[PDB]
Amino acid sequence: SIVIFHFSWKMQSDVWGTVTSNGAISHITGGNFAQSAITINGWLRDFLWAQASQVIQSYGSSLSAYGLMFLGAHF
Amino acid sequence: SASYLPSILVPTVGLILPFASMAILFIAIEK
Amino acid sequence: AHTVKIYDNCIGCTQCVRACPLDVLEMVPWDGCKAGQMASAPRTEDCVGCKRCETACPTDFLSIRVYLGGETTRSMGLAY
Amino acid sequence: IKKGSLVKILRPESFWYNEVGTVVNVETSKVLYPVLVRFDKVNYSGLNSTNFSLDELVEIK
Amino acid sequence: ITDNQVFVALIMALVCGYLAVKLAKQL
Amino acid sequence: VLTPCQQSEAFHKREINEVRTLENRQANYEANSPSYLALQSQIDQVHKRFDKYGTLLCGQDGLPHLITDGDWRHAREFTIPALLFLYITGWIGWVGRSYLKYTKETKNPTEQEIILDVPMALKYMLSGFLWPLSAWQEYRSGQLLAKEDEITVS
Amino acid sequence: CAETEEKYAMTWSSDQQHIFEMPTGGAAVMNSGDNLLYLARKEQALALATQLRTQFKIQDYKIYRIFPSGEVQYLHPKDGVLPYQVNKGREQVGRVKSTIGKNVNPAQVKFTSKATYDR
Amino acid sequence: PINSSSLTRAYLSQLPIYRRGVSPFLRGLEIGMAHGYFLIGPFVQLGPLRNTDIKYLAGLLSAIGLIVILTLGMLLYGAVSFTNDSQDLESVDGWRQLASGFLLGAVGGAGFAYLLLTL
Amino acid sequence: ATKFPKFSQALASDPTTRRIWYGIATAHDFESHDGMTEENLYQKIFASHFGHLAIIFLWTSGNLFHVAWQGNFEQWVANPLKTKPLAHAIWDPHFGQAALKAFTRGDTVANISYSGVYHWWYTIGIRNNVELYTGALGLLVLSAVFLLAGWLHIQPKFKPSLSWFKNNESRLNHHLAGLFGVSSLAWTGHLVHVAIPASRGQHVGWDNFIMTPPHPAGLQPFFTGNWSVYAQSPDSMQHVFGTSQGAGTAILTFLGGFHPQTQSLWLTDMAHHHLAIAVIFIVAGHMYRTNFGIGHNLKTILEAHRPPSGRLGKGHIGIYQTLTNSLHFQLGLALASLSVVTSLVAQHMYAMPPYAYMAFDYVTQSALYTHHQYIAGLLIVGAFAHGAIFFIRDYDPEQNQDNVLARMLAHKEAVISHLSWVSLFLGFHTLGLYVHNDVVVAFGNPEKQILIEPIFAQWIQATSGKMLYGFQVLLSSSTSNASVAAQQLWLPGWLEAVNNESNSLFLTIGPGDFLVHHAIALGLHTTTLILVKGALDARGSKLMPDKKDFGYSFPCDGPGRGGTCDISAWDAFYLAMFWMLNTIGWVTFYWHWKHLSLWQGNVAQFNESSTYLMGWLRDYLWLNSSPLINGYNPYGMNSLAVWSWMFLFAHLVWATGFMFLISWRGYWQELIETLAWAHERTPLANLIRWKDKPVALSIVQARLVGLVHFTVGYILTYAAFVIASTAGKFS
Ligand code: CLA
Ligand code: CLA
Ligand code: CLA
Ligand code: CLA
Ligand code: CLA
Ligand SMILES: CC1=C(/C=C/C(C)=C/C=C/C(C)=C/C=C/C=C(C)/C=C/C=C(C)/C=C/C2=C(C)CCCC2(C)C)C(C)(C)CCC1
Ligand SMILES: CC1=C(/C=C/C(C)=C/C=C/C(C)=C/C=C/C=C(C)/C=C/C=C(C)/C=C/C2=C(C)CCCC2(C)C)C(C)(C)CCC1
Ligand SMILES: CC1=C(/C=C/C(C)=C/C=C/C(C)=C\C=C\C=C(C)\C=C\C=C(C)\C=C\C2=C(C)CCCC2(C)C)C(C)(C)CCC1
Ligand SMILES: CC1=C(C/C=C(\C)CCC[C@H](C)CCC[C@H](C)CCCC(C)C)C(=O)c2ccccc2C1=O
Ligand code: SF4
Ligand code: SF4
Ligand code: SF4
């Protein structure tokens, strides 16, 4: 769980994302790892709370089965 | 308002009382 | 010490003694059963109280009952 | 009392308290629990066949 | 709001502490 | 306050919101697309879905609430599937009880519950249809209950 | 340790240099003629007695309970007899008159230093 | 067995406990002479006052703050254990001389590292 | 007596570390010591009661002293809406620099007292810090009195006889009259003499309370029964609490309802209230015989209630014997009654807020309710835990020959089967409907939900005048019998408080009330399935009928007969503590998410988004933890940085509980052997040898300590989230 939580949050801050013109850089979380992986409030806020926003707001949309496999898998 | 009293009582009950009280209770195991 | 008491359901089928890995229980010739045997627990100072006897006690309900009593050095079963 | 009789029990600590069962053995050799009775259903030790005295031994007709 | 009443307070609960150890070393 | 549902305004706002919001997906495909035909059938399954809630009571949320008093003006909400459901699990309960009091007296009752006697199973599966006046006629016979079964100490 | 705790010294004899398994772990050499073995606790020692006896004939074996004052005891065997085999010398202790069904309720043992089965 | 050889035995032999005979005050003064010189270290560079000119004085007050607690643990362990009076470190008097040696030698180590952080 | 457990020689012989833990956890188990008989037991619990009471009054003198000395109490009195109530100050040497700017409120750096104490001390009539100092000394004196008595009744000739303790007969003549009746009467003597005039502006301190009567004419022409003069001129409308403007002078007026301005109950209503409760309790004190002989013998009161219908055994003949001789029965009734009283307190502190300018600070009201609900559940679980201790170590079915209790143990099979039935039914009919509503809402369709109107609660609110539903019954109908029957007395001052949607009294109700209240009844029936299970199967089950022989918290029976993990009567505690924290969980999540919709204002935010589970995990846990979990950032911090720390801290408590709850002993008992091997074998540490032998925690302690971390982690997490959530959306 912490191997993949190390993965899916360092590689949303330091690898993945999009680029614009003139070679500019834009990560998915936007470089928000090294200032925030050092604590746990930064860990739980900036990753397990902030990245939930596209899982939890998923009702009515096509991701909503995951919103069912999020709650029931808590169960 | 004697503002200096927490600077005395908070250490002398916060740390040194669970030092000497560890001594009193733990020697008091063997008394 | 773990007080092991052996009641009068003990039909003397010796799975208790053969099940106990401590020789706290032996068999005593007792003319009250068909087999003439009834177990005894003299050396309960060595009794761990692991209740491996009460697993293999094929009576109606547990001729041999292991009451968890005091905890000495041997009855705690620590290695050191 | 006799072999094969269907017998309800009156000892509150048996698994088969107030359940009828068939008598396998009746021993006439001063045993305190002479009557070996087995059952349909089975207790936790996997062992239906136990034994009883005469006071805890009620036949039916 | 003053200081002397704080001293009087820790006097009274110091005495109450003596009743605490006093009750404590009898039961 | 329980407004009648066919004239609640925010209810009709949920109609406009789900038809139009579902129609936002319909703005991607051509007129003969099977996806587009599926959203035609889906819009049918929204207007029929909301017109067939015309006699419920959607309150201030526009969401159709229910009533469980048995008012007989709302019996189709709860009490009619209540009687229907208790009929279905009185069926299932009566079939299970009748099948167990079959296989309690067989040769090997332990084997009878692994391997169901589909002869006698599908006997009782169907035969438990008239269970109110079969349990009522076994209950008067002194056979539904029992007496002097197992118990602990006291 | 050996300065304050009872070391159990299992002594036994054999016929061939076989290989048994220690309760410490790992195989042991098994001197053929006669050999002792200092152990820690009794369950290790009688677990070795089951380790040997359920394999093959290893009899005339018993632990001398080395307690740190110095002297020994005689565990296991006790009476040249195997414990589930019946010898007419073992005097029974640890029985009551009946089953659990006549044990007194602990509200009768309450505020007294008795046990719930003593009768 | 292994890691019990004569280099291990010779190195552990001349330690400030296993060596043959020292007064327990000096036997503890060597212990505190090591430890009290040591414990200035991880309070100067990493402590809370590592940015003022109290980089060095907070090492003294913090480290001796550990030292009086550690001698308090010494006096607890000699108070509870080591009940005999065999006059060595297994006694009460030899242990409290070991603890007083750890206190005076340890504060001496703290002030020695403090004065050797002058250069 | 020799070592540690100066009380049990069965543990002083133990060489392990179990002598410490069981020396601690069996210290107060006074029924199982070396030689402590009955007189030596009551004469110890009676002294330790006094030590306990002195701990309580030391604590309340603690609150009086810190509010007296570090709080901002009279500055809070100046503006009770604006200024936050300060708790005790801080002395951290750990607050470096940036923390201190996040706590300065004036010169003080104090905590914000989210415990409702300034409100209650402001309705008492404390308007200074001086009265708080005289009160704090007034409770240090009282704690010295109680420590004096507990020390004094363990002095040998003042240790009272057991026949005095078995004057069970007359404690009820004195508690109901003296403790309950007189003191509440005395509390009216506060409210009439302090809270009414210091609410109506008159500073009646300790001087003029004998020269200024609270009514301008009083008690010389008032033994004549002209009592309507004391309810003559109420405080009608145009009054602010504390001044003298717009206020009358009557004392005992029963208007009913709230203030218009402070949204609290009238202190005239409480003066008349505790006065009537006082008179009725003093009447109830004259109930039982004594040395005089005008009352009721309790044997004649339980013996006489044997029904000739014959269904209820041989009546209660046997019950009075098993309350005198028992204690865990008496403690079970005590924790039962105190626990239902606490839940009543909690269900009325929010509903009828008693204290001026509560329901205006939305954090203290959110902490008092949750506080008394978790304490409520703890004391119910105490009542059943001592119920099982009564059925094991205290129950005699020969004095209870076919008694009502022996009848209970007879049909305990039907009891547990039907508790398991209703708990199963509610668990397939809350979880069924929440997973139905959550699947259906998830599939782009909030409309196809099952919403059942909870019509029974709506009808009961219609019986108390809430006209917002359209039932028009006893009080909602203004022409009925009860509506005319109190038309002048207390109705029009009270239906204004009912029909209002600002106050937290008789809330507006959607189907979230339905589905949650079924979830609560699921929690009550599961938790009583467990507690009534291992309280009625506390004594003997068909697994093992030896259970009464092993005491309360025996570990197990080994692997024999299938396996016997947690058979004891202590398991029912051990599992229904999880269900306690869960059930009080859903109570306080439901209450707190109802009032974060009222206090925000968007009630539709609740009623549209609480009928399914992502309404809870979305609209309540994910959204209201946002000002919590921003308690400190890599940009800075704020005043919530304590709670956001504590929050995380409490998770670390909670999951450490799982290390003891999931993973049991024999792992660690063979791991401590590796640690003791490694400590014995190493140089420079084999000198420092243990005295108590290192031994892993026994499997009653281990389940207990995992339960304790489960509670502390749970309750500290939720006390972090209530206070940081409401203190983040407000203040
Ligand atoms: C409950 C009581 C309590 C109290 C009063 C303190 C107090 C203190 N802790 Mg502390 N602490 C506590 C509990 C407590 N702690 C607990 C429970 C933990 C574990 C979580 C810690 C873990 C902890 C760490 C990890 C550190 C502190 C530090 C400090 C110091 C703050 C440094 C500073 O800015 O001051 C300015 C500093 C000074 C004025 C110098 C004071 C140095 C010592 C304390 C005084 C001299 C001691 C003397 C030689 C011996 C006398 C007896 C002694 C026991 C007091 C301060 C004295 C820091 C520290 O080490 O500071 C030294 C630090 O790094 N604490
Ligand atoms: C033979 C069918 C049958 C019947 C008639 C009953 C009847 C009863 N059970 Mg039940 N039960 C059954 C099977 C059955 N059970 C099975 C298979 C299980 C294991 C899952 C349980 C587990 C169970 C529990 C845990 C509890 C009951 C309880 C009860 C009583 C209350 C009604 C209730 O809530 O049911 C409960 C129903 C369920 C838990 C689920 C339904 C069970 C199955 C799935 C439906 C029956 C189908 C069955 C397999 C058909 C077999 C025959 C067929 C092949 C020919 C009632 C007497 C309760 C009680 O004591 O109240 C007095 C109670 O607490 N039952
Ligand atoms: C009139 C005489 C009188 C009085 C005042 C008391 C008073 C007391 N006796 Mg007592 N007793 C008496 C006569 C009396 N006794 C006699 C004659 C006998 C012999 C037959 C005994 C035998 C006896 C025994 C054997 C014991 C006591 C104990 C106690 C104490 C009970 C614990 C306590 O404080 O609860 C206080 C409880 C309340 C104030 C009320 C609690 C419940 C109410 C409904 C809720 C609170 C009201 C309100 C809603 C909340 C206000 C809070 C505020 C913040 C708003 C209490 C001090 C016990 C004790 O602790 O020893 C000291 C004890 O073990 N008594
Ligand atoms: C006034 C109420 C009251 C009273 C007098 C008693 C009295 C008693 N209870 Mg008890 N009990 C109560 C309420 C009460 N209980 C409630 C409300 C519950 C439900 C929670 C229980 C649950 C309970 C159980 C499960 C058991 C008892 C037992 C006992 C008996 C022995 C207690 C003992 O030796 O503990 C010794 C003292 C302690 C263990 C100290 C308590 C420490 C606890 C375990 C954890 C607290 C640590 C704390 C949270 C850490 C602080 C850190 C911070 C971060 C929070 C004794 C007669 C025992 C018994 O009779 O069996 C033989 C028993 O097994 N009680
Ligand atoms: C998510 C956690 C969770 C859940 C759902 C439950 C649920 C339940 N517990 Mg429980 N419990 C829990 C945690 C939980 N517990 C914890 C942490 C503890 C402390 C160890 C306990 C301790 C405890 C005790 C001590 C007791 C219970 C009992 C019960 C049952 C109460 C009766 C009821 O509501 O039945 C309704 C049934 C349900 C809610 C089950 C869920 C419905 C399922 C998911 C649908 C069926 C399967 C579904 C078709 C999926 C198929 C799977 C696929 C592989 C094919 C219920 C099954 C009691 C009991 O047996 O009551 C009769 C009981 O005595 N619990
Ligand atoms: C890493 C390593 C190592 C280790 C290290 C060490 C070992 C160190 C330590 C060190 C130390 C630890 C040191 C100490 C110091 C000290 C000294 C050398 C001395 C001095 C002296 C003193 C301290 C004194 C004091 C005092 C004073 C000042 C005053 C008076 C009192 C007295 C006298 C006490 C080795 C080598 C092994 C190997 C390689 C690597
Ligand atoms: C185990 C045990 C136990 C238990 C405990 C407990 C916990 C109990 C329970 C109990 C409880 C916990 C209680 C409750 C009660 C109930 C109630 C009490 C209810 C009822 C209700 C009512 C009564 C109400 C109604 C009303 C209204 C609403 C208004 C009008 C009027 C009236 C009032 C009628 C005991 C000790 C006993 C015994 C021993 C053992
Ligand atoms: C109407 C209504 C309702 C209801 C309520 C009620 C009605 C309640 C009560 C309850 C009741 C009224 C109950 C009764 C019960 C009792 C008992 C006593 C039972 C019985 C049972 C049994 C006997 C079982 C058996 C069986 C059968 C019968 C069939 C088959 C299966 C089985 C075997 C399981 C509601 C509100 C919802 C809605 C509206 C209307
Ligand atoms: C981690 C763990 C341990 C290890 C816990 C260790 C043994 C205890 C460590 C905590 C003690 C308190 C540390 C000792 C330090 C104290 C300051 C010493 C004095 C304490 C007493 C005087 C109270 C178990 O013993 C255990 C037992 C059974 C099931 C699960 C577990 C388990 O999960
Ligand atoms: S009691 Fe059970 S085990 Fe012990 S001897 Fe008799 S039968 Fe064999
Ligand atoms: S108690 Fe444990 S050890 Fe002693 S006999 Fe029964 S099982 Fe063997
Ligand atoms: S695990 Fe240990 S405790 Fe739980 S049952 Fe098996 S033996 Fe008894």
# chains A, B, ... in the order shown; residues from 1 in each chain; ligands from 1
>>> residues_near_ligand(ligand="ligand 2", cutoff="10 Å", atoms="only C-alpha atoms and all ligand atoms", output="PyMOL selection string")
(chain F and resi 89-101+113-118+120-126+128) or (chain I and resi 413-425+428)
>>> write_last_selection(atoms="C-alpha atoms", output="short mmCIF file (atom, residue, chain, number, x, y, z; two decimals), in the first residue's frame")
data_model
loop_
_atom_site.label_atom_id
_atom_site.label_comp_id
_atom_site.auth_asym_id
_atom_site.auth_seq_id
_atom_site.Cartn_x
_atom_site.Cartn_y
_atom_site.Cartn_z
CA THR F 89 -40.66 -15.95 1.97
CA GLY F 90 -43.45 -17.80 3.66
CA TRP F 91 -43.11 -19.99 0.59
CA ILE F 92 -39.35 -20.27 1.02
CA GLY F 93 -39.56 -20.76 4.78
CA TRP F 94 -42.27 -23.37 4.45
CA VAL F 95 -40.38 -25.25 1.74
CA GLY F 96 -37.22 -25.26 3.84
CA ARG F 97 -39.06 -26.44 6.93
CA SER F 98 -40.95 -29.16 5.06
CA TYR F 99 -37.81 -30.39 3.34
CA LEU F 100 -35.87 -30.54 6.60
CA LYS F 101 -38.65 -32.43 8.31
CA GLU F 113 -28.26 -31.77 2.68
CA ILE F 114 -25.17 -31.92 0.51
CA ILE F 115 -26.87 -33.86 -2.24
CA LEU F 116 -30.45 -32.70 -2.38
CA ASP F 117 -33.08 -35.27 -3.29
CA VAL F 118 -34.28 -33.22 -6.28
CA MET F 120 -38.31 -34.77 -2.88
CA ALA F 121 -36.74 -31.31 -3.03
CA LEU F 122 -38.72 -30.31 -6.12
CA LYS F 123 -41.64 -32.01 -4.47
CA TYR F 124 -41.59 -29.53 -1.62
CA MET F 125 -40.29 -26.57 -3.72
CA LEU F 126 -43.63 -26.48 -5.46
CA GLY F 128 -45.21 -25.02 -0.39
CA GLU I 413 -32.53 -18.71 24.26
CA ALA I 414 -35.65 -16.96 23.02
CA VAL I 415 -34.20 -13.62 24.14
CA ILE I 416 -30.98 -14.04 22.19
CA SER I 417 -32.71 -15.53 19.17
CA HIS I 418 -35.08 -12.59 18.94
CA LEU I 419 -32.41 -9.95 19.52
CA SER I 420 -30.48 -11.64 16.74
CA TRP I 421 -33.62 -11.56 14.61
CA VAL I 422 -34.34 -7.85 14.98
CA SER I 423 -30.67 -7.00 14.59
CA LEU I 424 -30.53 -9.09 11.41
CA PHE I 425 -33.71 -7.47 10.09
CA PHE I 428 -30.61 -6.03 6.03
#
>>> closest_atom_pairs(of="chain C", to="ligand 10", cutoff="7 Å", atoms="only C-alpha atoms and all ligand atoms", output="tab-separated table")
residue	atom	partner	partner_atom_place_in_ligand_line	distance
C:9	CA	ligand 10	1 (S)	6.4
C:10	CA	ligand 10	6 (Fe)	3.3
C:11	CA	ligand 10	6 (Fe)	3.9
C:12	CA	ligand 10	5 (S)	3.6
C:13	CA	ligand 10	8 (Fe)	3.3
C:14	CA	ligand 10	8 (Fe)	3.8
C:15	CA	ligand 10	8 (Fe)	4.4
C:16	CA	ligand 10	3 (S)	4.0
C:17	CA	ligand 10	4 (Fe)	6.9
C:38	CA	ligand 10	5 (S)	6.1
C:39	CA	ligand 10	5 (S)	5.6
C:53	CA	ligand 10	3 (S)	6.9
C:56	CA	ligand 10	3 (S)	5.9
C:57	CA	ligand 10	2 (Fe)	3.5
C:58	CA	ligand 10	2 (Fe)	4.5
C:59	CA	ligand 10	2 (Fe)	4.9
C:62	CA	ligand 10	2 (Fe)	6.7
C:63	CA	ligand 10	1 (S)	4.9
C:64	CA	ligand 10	1 (S)	5.7
>>> write_last_selection(atoms="N, CA, C and O atoms", output="mmCIF file, in the first residue's frame")
data_model
loop_
_atom_site.group_PDB
_atom_site.id
_atom_site.type_symbol
_atom_site.label_atom_id
_atom_site.label_comp_id
_atom_site.auth_asym_id
_atom_site.auth_seq_id
_atom_site.Cartn_x
_atom_site.Cartn_y
_atom_site.Cartn_z
ATOM 1 N N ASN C 9 -16.285 -38.844 35.284
ATOM 2 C CA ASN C 9 -16.584 -39.317 33.947
ATOM 3 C C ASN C 9 -15.412 -40.050 33.326
ATOM 4 O O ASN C 9 -15.554 -40.589 32.227
ATOM 5 N N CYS C 10 -14.266 -40.077 34.003
ATOM 6 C CA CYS C 10 -13.017 -40.558 33.430
ATOM 7 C C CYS C 10 -13.052 -42.058 33.248
ATOM 8 O O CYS C 10 -12.775 -42.810 34.183
ATOM 9 N N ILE C 11 -13.367 -42.498 32.035
ATOM 10 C CA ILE C 11 -13.565 -43.911 31.750
ATOM 11 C C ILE C 11 -12.239 -44.598 31.468
ATOM 12 O O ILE C 11 -12.205 -45.791 31.156
ATOM 13 N N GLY C 12 -11.146 -43.856 31.582
ATOM 14 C CA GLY C 12 -9.830 -44.446 31.516
ATOM 15 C C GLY C 12 -9.440 -44.881 30.127
ATOM 16 O O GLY C 12 -8.984 -46.009 29.937
ATOM 17 N N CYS C 13 -9.622 -44.012 29.142
ATOM 18 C CA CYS C 13 -9.217 -44.337 27.787
ATOM 19 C C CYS C 13 -7.880 -43.728 27.413
ATOM 20 O O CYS C 13 -7.460 -43.860 26.262
ATOM 21 N N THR C 14 -7.209 -43.076 28.362
ATOM 22 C CA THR C 14 -5.793 -42.695 28.328
ATOM 23 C C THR C 14 -5.414 -41.790 27.161
ATOM 24 O O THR C 14 -4.231 -41.683 26.833
ATOM 25 N N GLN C 15 -6.365 -41.118 26.513
ATOM 26 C CA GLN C 15 -5.961 -40.088 25.566
ATOM 27 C C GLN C 15 -5.493 -38.834 26.270
ATOM 28 O O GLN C 15 -4.847 -37.991 25.645
ATOM 29 N N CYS C 16 -5.828 -38.687 27.547
ATOM 30 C CA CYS C 16 -5.327 -37.566 28.321
ATOM 31 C C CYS C 16 -3.834 -37.689 28.561
ATOM 32 O O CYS C 16 -3.076 -36.750 28.296
ATOM 33 N N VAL C 17 -3.399 -38.837 29.086
ATOM 34 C CA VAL C 17 -1.988 -39.035 29.384
ATOM 35 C C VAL C 17 -1.178 -39.085 28.101
ATOM 36 O O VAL C 17 -0.123 -38.451 27.993
ATOM 37 N N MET C 38 -8.545 -44.791 35.994
ATOM 38 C CA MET C 38 -8.960 -43.400 36.077
ATOM 39 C C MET C 38 -7.703 -42.571 36.247
ATOM 40 O O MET C 38 -6.840 -42.920 37.057
ATOM 41 N N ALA C 39 -7.592 -41.504 35.466
ATOM 42 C CA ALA C 39 -6.376 -40.714 35.446
ATOM 43 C C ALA C 39 -6.216 -39.930 36.740
ATOM 44 O O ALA C 39 -7.177 -39.661 37.460
ATOM 45 N N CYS C 53 -5.112 -31.792 27.004
ATOM 46 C CA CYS C 53 -5.909 -32.884 27.541
ATOM 47 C C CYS C 53 -7.380 -32.734 27.193
ATOM 48 O O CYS C 53 -8.017 -33.686 26.733
ATOM 49 N N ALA C 56 -8.445 -33.934 23.756
ATOM 50 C CA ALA C 56 -8.563 -35.382 23.641
ATOM 51 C C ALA C 56 -9.046 -35.986 24.954
ATOM 52 O O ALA C 56 -8.348 -36.738 25.620
ATOM 53 N N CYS C 57 -10.264 -35.622 25.329
ATOM 54 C CA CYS C 57 -10.945 -36.193 26.486
ATOM 55 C C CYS C 57 -12.312 -36.634 25.995
ATOM 56 O O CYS C 57 -13.271 -35.854 26.011
ATOM 57 N N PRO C 58 -12.443 -37.869 25.558
ATOM 58 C CA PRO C 58 -13.676 -38.282 24.890
ATOM 59 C C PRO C 58 -14.785 -38.677 25.840
ATOM 60 O O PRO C 58 -15.468 -39.675 25.600
ATOM 61 N N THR C 59 -14.995 -37.922 26.904
ATOM 62 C CA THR C 59 -16.094 -38.206 27.803
ATOM 63 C C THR C 59 -17.298 -37.400 27.341
ATOM 64 O O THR C 59 -17.268 -36.767 26.282
ATOM 65 N N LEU C 62 -16.039 -33.693 29.539
ATOM 66 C CA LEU C 62 -14.767 -33.249 30.111
ATOM 67 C C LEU C 62 -14.600 -33.685 31.566
ATOM 68 O O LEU C 62 -14.770 -32.904 32.502
ATOM 69 N N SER C 63 -14.374 -34.989 31.711
ATOM 70 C CA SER C 63 -13.931 -35.557 32.978
ATOM 71 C C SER C 63 -12.755 -34.805 33.573
ATOM 72 O O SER C 63 -12.679 -34.621 34.791
ATOM 73 N N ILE C 64 -11.817 -34.378 32.739
ATOM 74 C CA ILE C 64 -10.631 -33.685 33.208
ATOM 75 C C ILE C 64 -10.775 -32.215 32.895
ATOM 76 O O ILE C 64 -10.854 -31.825 31.727
#
>>> residues_near_ligand(ligand="ligand 9", cutoff="9 Å", atoms="only C-alpha atoms and all ligand atoms", output="JSON, numbers by chain")
{"B": [22, 25, 26, 29], "I": [17, 20, 21, 24, 656, 657, 658, 659, 660, 661, 662, 663, 664, 665, 666, 667, 668, 669, 671, 672, 694, 695, 696, 697, 698, 699, 700, 701, 702, 703, 705, 706]}
>>> residues_near_ligand(ligand="ligand 7", cutoff="6 Å", atoms="only C-alpha atoms and all ligand atoms", output="compact mmCIF listing (two decimals) with C-alpha atoms, in the first residue's frame")
# COMPACT_ATOMS: atom_id res chain seq x y z
CA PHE I 329 -26.70 -6.10 40.39
CA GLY I 332 -25.75 -2.68 37.02
CA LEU I 333 -28.93 -0.82 37.89
CA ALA I 336 -28.22 1.52 33.63
CA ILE I 380 -24.77 1.22 29.43
CA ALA I 383 -24.46 -1.87 33.25
CA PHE I 384 -24.40 -5.01 31.15
CA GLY I 387 -24.80 -7.66 34.69
CA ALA I 535 -24.73 -11.62 30.24
>>> residues_near_ligand(ligand="ligand 6", cutoff="6 Å", atoms="only C-alpha atoms and all ligand atoms", output="list in words")
residues 33, 34, 35, 37, 38, 104, 105, 108, 109, 111 and 112 of chain H
>>> residues_around(residues="range 23-34 of chain D", least_positions_apart="2", cutoff="7 Å", atoms="only C-alpha atoms", output="ChimeraX atom specification")
/C:32-34 /D:1-6,21,36-38,51-53
>>> interface_residues(of="chain A", to="chain I", cutoff="12 Å", atoms="only C-alpha atoms", output="ChimeraX atom specification")
/A:32-72,74-75
>>> select_by_dssp(residues="chain A", states="strand (DSSP E or B)", output="ChimeraX atom specification")
/A:18-19,25-26
>>> residues_around(residues="range 77-79 of chain G", least_positions_apart="3", cutoff="12 Å", atoms="only C-alpha atoms", output="ChimeraX atom specification")
/C:22-27,42-43 /G:10-12,46,49,59-64,73-74,82-91
>>> interface_residues(of="chain I", to="chain G", cutoff="10 Å", atoms="only C-alpha atoms", output="list in words")
residues 31, 32, 33, 34, 35, 36, 37, 38, 41, 325, 326, 390, 391, 392, 393, 394, 395, 396, 397, 398, 539, 545, 546, 548, 549, 550, 551 and 680 of chain I
>>> residues_around(residues="residue 26 in chain A", least_positions_apart="4", cutoff="10 Å", atoms="only C-alpha atoms", output="PyMOL selection string")
chain A and resi 12-20+30-31
>>> residues_near_ligand(ligand="ligand 11", cutoff="7 Å", atoms="only C-alpha atoms and all ligand atoms", output="ChimeraX atom specification")
/C:4,16,19-22,24-25,44,47-54,66
>>> interface_residues(of="chain I", to="chain C", cutoff="6 Å", atoms="only C-alpha atoms", output="list in words")
residues 10, 14, 558 and 560 of chain I
>>> residues_around(residues="residue 42 in chain D", least_positions_apart="3", cutoff="12 Å", atoms="only C-alpha atoms", output="PyMOL selection string")
(chain C and resi 60) or (chain D and resi 14-16+19+21+38-39+45-50) or (chain F and resi 110) or (chain I and resi 561)
>>> interface_residues(of="chain I", to="chain B", cutoff="8 Å", atoms="only C-alpha atoms", output="PyMOL selection string")
chain I and resi 3-4+69-70+91
>>> residues_around(residues="residue 7 in chain D", least_positions_apart="5", cutoff="6 Å", atoms="only C-alpha atoms", output="PyMOL selection string")
chain D and resi 20-21+58-59
>>> write_last_selection(atoms="C-alpha atoms", output="tab-separated table (two decimals), in the first residue's frame")
chain	number	residue	atom	x	y	z
D	20	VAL	CA	-33.61	-38.66	23.01
D	21	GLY	CA	-30.93	-41.18	22.09
D	58	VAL	CA	-35.45	-41.72	30.96
D	59	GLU	CA	-36.92	-44.18	28.49
